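Next up is one chain by itself, shown in structure tokens, the form deposited in one PDB entry.
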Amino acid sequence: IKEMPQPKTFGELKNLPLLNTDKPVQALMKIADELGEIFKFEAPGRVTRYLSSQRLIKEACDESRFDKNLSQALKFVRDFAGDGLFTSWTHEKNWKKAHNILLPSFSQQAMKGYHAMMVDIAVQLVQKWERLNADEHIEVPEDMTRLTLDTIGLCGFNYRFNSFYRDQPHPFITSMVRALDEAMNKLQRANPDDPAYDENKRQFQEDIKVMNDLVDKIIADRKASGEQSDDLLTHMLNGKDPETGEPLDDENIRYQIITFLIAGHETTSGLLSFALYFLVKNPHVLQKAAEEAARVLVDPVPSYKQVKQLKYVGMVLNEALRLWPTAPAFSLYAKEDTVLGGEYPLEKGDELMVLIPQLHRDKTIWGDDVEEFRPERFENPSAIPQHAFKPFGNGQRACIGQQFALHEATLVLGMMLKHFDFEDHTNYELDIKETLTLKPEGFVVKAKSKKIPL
């Protein structure tokens, strides 16, 4: 048994001021590069251990020994996402109940039903870029977020945010982004009771009110209708849990919709943004992915079956997820006293944080070239060891949206590569903005149309 290292301390504040930065995940990555596969992080009244090696992460991903923890970040998001799937404990009745009801709606099979709605929004993105003037550029994360929000609104509850018709976000989105900003900011606060934070806390309560009032209104309007579209809202209003035999109540449905809207906005848009960044920085890879898009997507409207054929586009997406997993951390707690890695004794209730970007840089798994963008790493899926690659988290608490996000991302990236050539006209310097998720801030390109009809 060894003592684990710990980064620099600030007297009574222990390690907390290390998070007083707009880029805390990148700060922890640098600390993991300095200290290795595990380090202790202490705040007043809180300890956790940050894991970076596949060797220790594979044990942490043992569901007999560790369960999902709500990190302080997730506890703050729980104030508006409630006992939705993402911010519920595994042992809350509503976790398993929602999981059983929603799993069939998120299966690879269910994507056949969502495809047409995804195509509707993808075509709006292509038409936006087709309509830019010669002197204009693309704001990549801004347009990817317009797309992913609209896709989940239309597949989520047959609601059009119409993001490609606006500069100013939909009211719900203003409240949701500001609520997320508050929850991630609260984490850092030396002194949270400080009066400088009074306006933030008043605002926070106001935004919770906006999100609930508006989602409850869609639920209530849909019950009034009788209308039965093929969206998640229908499946949740009709579905019964086979275990309890109960449907979700309206309050929990509202938490599920807020939860799905957070995911659309934050994660899939990050992935598409990083994928396009790595493609314009790696022209040989861009050529191989655009060859596939041009050969496979032979119809003006892509089919489900054609999107499944974009294998190299899927490898590009996996390699962007390896370098910059847009949901970069998840938290676990010890179910019982146990010994991590033959060396680090833990007590029942002790917390671990999985630092996914660091896991994805483990040279003992990936080789010496870990900073290089090389989608060929993913040629043969079965060559990647268990728990080496975890952009969608772990086990029964893994991302329920994984098939949805990768279907949307492959469809959209395929269409972008078919329809346009891309220039890195500013020689963009990567600047990663941290919200709930990671996105490349200020990433812009120019698209030269290949003039292929829709």
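Between two forms, the rigid core is defined as the largest C-alpha subset superposing within 1.5 Å. The numbering used is simple: start at 1 and walk along the sequence shown.
- Here the stretch with the larger average CA B-factor, out of 181-189 and 97-105, is 181-189.
- Mean C-alpha B-factor is higher over 36-44 than over the other stretch, the pair under comparison being 36-44 and 395-403.
- Based on the entry's C-alpha B-factors, the most elevated value among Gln124, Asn212, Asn282, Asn318 belongs to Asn212.
- For the set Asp120, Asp369, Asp150, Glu376, the PDB entry puts the maximum C-alpha B factor at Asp369.
- For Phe157, the recorded CA B-factor ranks within the highest third of the chain. Only modelled residues enter the ranking.
- Ranked by C-alpha B-factor against the other modelled residues of its chain, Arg202 falls in the highest third.
- Placement of the Cα temperature factor of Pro325 within the chain: lowest third of the modelled residues, per the deposited record.
- Compared with the other modelled residues of the chain, the Cα B-factor recorded for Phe278 ranks in the lowest third.
- In the deposited entry, the Cα temperature factor of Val445 places it in the lowest third of its chain's modelled residues.
Keep in mind that the form deposited in another entry is missing from the display, and what follows is about it.
- Annotation: the position in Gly245, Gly367, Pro195, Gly349 displaced by at least 2 Å at CA between this form and the one not shown, with the core superposed, corresponds to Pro195.
- Comparing the forms between this form and the one not shown, the C-alpha position of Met176 differs by 2 angstroms or more, with the core used for superposition.
- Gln109: CA moves 2 Å or more between this form and the one not shown after rigid-core fitting.
- Relative to the superposed rigid core, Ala134 undergoes a CA displacement smaller than 2 Å between this form and the one not shown.
- Compared with the form shown here, the C-alpha atoms of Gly82 and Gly226 sit at least 3 Å farther apart in the other entry.
- In comparison with the shown form, the Cα-Cα distance of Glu227 and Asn252 increases by at least 3 angstroms in the other entry.
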